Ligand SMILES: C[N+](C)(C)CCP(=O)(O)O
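Okay, here we've got a single chain as structure tokens, the form deposited without this ligand, with questions on binding and movement later.
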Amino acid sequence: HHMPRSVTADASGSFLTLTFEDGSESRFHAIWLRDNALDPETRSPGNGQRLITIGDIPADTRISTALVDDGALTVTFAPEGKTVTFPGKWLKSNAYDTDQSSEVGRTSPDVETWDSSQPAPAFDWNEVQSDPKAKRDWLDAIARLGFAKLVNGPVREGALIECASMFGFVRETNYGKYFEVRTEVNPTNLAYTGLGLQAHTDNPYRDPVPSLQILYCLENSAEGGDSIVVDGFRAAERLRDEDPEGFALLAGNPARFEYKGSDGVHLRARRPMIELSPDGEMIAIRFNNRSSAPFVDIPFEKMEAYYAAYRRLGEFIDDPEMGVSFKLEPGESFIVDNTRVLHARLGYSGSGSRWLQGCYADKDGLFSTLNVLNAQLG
């Protein structure tokens, strides 16, 4: 329950214990409550910005008195003398006196991992623009699963930029706001089109890594070459469940990535292939064979085992039962969460031409747009 019943303050005033109507208890420290006061002199009413620093809060701050009344908690602090009230709902929702999961390599509860049994989420270009429920569902699919298709879009150059603008902002690079991906498939070219088709995340040599990628089809007359996506979190999960020490090595040591092109682009980054939050949640995958650079940061005594784990992760990524495959017809596109979901394509099986456009955008904007839609539809 989120309905407060009563409160006791410790003799020290250093914390209080809130009891709810279902019998549950939750303890809150004086300093935390003071810092999180929601009144107009702590949080600006117009923009929600906090108006005080930690330095502004007296170091000896304590709870003087407190009371539960009519679904809310009244708290008065000393030595300031400041009285504030907290809604019951807010206290329960923002509780920290709970059992924090510490499992190393766990995923956020908001994501669902997948393999080849997962259908490609698909949404309509026009519906996502006119119906906020469709837009919400489209962005929610990218949030939960890390990818989604958009179909029935226009066969127009730069349309992918319009897609990005539906939720956020394009990460412009040296290659432009977007780049052309043109392919001529014929008997002569067929050989080299088979090279470098391992699933990968783009640009692990950029820090910060571009967090979303959009690929948009304008023309396709070549047979085969289905797009493939692989869940980096599923691959990492499989490694962890099988080989926790190997998982720990890939998460516990940075790799090196580098792109040094002939057209004056030289990009480098130092980041692990599996990135965890400091409390163990899996937050990002970086995997790209073509731009992996010399691993200079891994101690000698761990290098062999690191390489073994790296190989094993690659085997999960190369596993065909991990890939979700789909065709892209003119006007169709897909987005990947480039911090999680890898992409590639299968081999071409017939001659022809293909024209895709690619760009990057950032997840923060997508989540904001999703948050706003959820509030509007709630």
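Basically, rigid core = biggest C-alpha set you can superpose within 1.5 Å across the two forms. Residues carry their position along the shown sequence, with the first being 1.
Form solved in complex with this ligand: not shown, discussed below.
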Once the site C-alphas are superposed and this ligand is modelled as in the bound PDB entry, is the result open or blocked, blocked being 3 or more ligand atoms within 2.4 Å of any backbone or C-beta atom of this form? open
Which of 74-82, 246-254, 94-102, 192-200 lines the interface with this ligand in the bound PDB entry (heavy atom within 4.5 Å): 192-200
May I ask whether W114, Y310 and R312 all come within 4.5 angstroms of this ligand in the bound PDB entry, judged by heavy atoms? no
Picking from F169, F179, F295, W90, the single residue whose non-hydrogen atoms come within 4.5 angstroms of this ligand in the bound PDB entry is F179
I need to confirm a contact call. Of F147, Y205, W138, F233, which residue comes within 4.5 Å of this ligand in the bound PDB entry, counting heavy atoms only? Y205
Flag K302 as yes or no: does it have a non-hydrogen atom within 4.5 angstroms of any non-hydrogen atom of this ligand in the bound PDB entry? no
Does this ligand get within 4.5 angstroms of any non-hydrogen atom of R290 in the bound PDB entry? yes
In sequence order, which positions of 342-378 have a non-hydrogen atom within 4.5 Å of this ligand in the bound PDB entry? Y360
Picking from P119, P208, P79, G196, which residue has its CA shift by 2 Å or more between the shown form and the other one, once the rigid core of the two forms is superposed? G196
Cα displacement of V185 between the shown form and the other one reaching 2 Å, rigid core superposed: yes
At a 2 Å cut-off on C-alpha positions, does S325 qualify as shifted between the shown form and the other one after fitting the rigid core? no
Residue shift check between the shown form and the other one, rigid core fit, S353 Cα at least 2 Å: no
Change in CA distance between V185 and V324 in the bound PDB entry, which is 3 Å or more, as closer or farther: farther
Sense of CA distance change between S291 and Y192 in the bound PDB entry, threshold 3 Å: closer
